[PDB]
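Shown next as structure tokens: one chain only, the form deposited in one PDB entry.
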């Protein structure tokens, strides 16, 4: 089974699973999010596949997809919206600031790799 062990343990809406095998860097590049609930006719309320960029965006060889910062930017935008709205919380603000600091560190990774001419290459 390829079920992710998550920090949340109670009242989970969905489970997440690794899909396929290990790829470049030792990571997976496909995930499925699927609901802990079934519809009236016995099917998943949610069954959602996320495919990540696998290989350089410049080869046609590559599995072209999303990058982790895209997912974090989506979460960042939603948390900002929630904080502007009626159901804001301190827990949200702490989550949002850590999300933004993670994105800034991912951008650090992009910029030092640009400086070293190694972005888009399989090099440490």
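Positions refer to the first chain, counted from 1. Rigid core (definition): largest C-alpha set, two forms, superposition within 1.5 Å.
According to the PDB record, 27 to 35 carries the higher mean C-alpha B-factor of the two stretches 27 to 35 and 65 to 73. According to the PDB record, 7 to 15 carries the higher mean C-alpha B-factor of the two stretches 96 to 104 and 7 to 15. Ranked by Cα temperature factor within the chain, residue 79 sits in the lowest third according to the deposited record. Split the chain's modelled residues into thirds by C-alpha temperature factor. Residue 52 is in the middle one.
Below, we refer to the form deposited in another entry, which is not included among the displayed structures.
Just one of 72, 93, 33, 56 moves its Cα by 2 Å or more between the shown form and the other one on a rigid core overlay, and this residue is 56.
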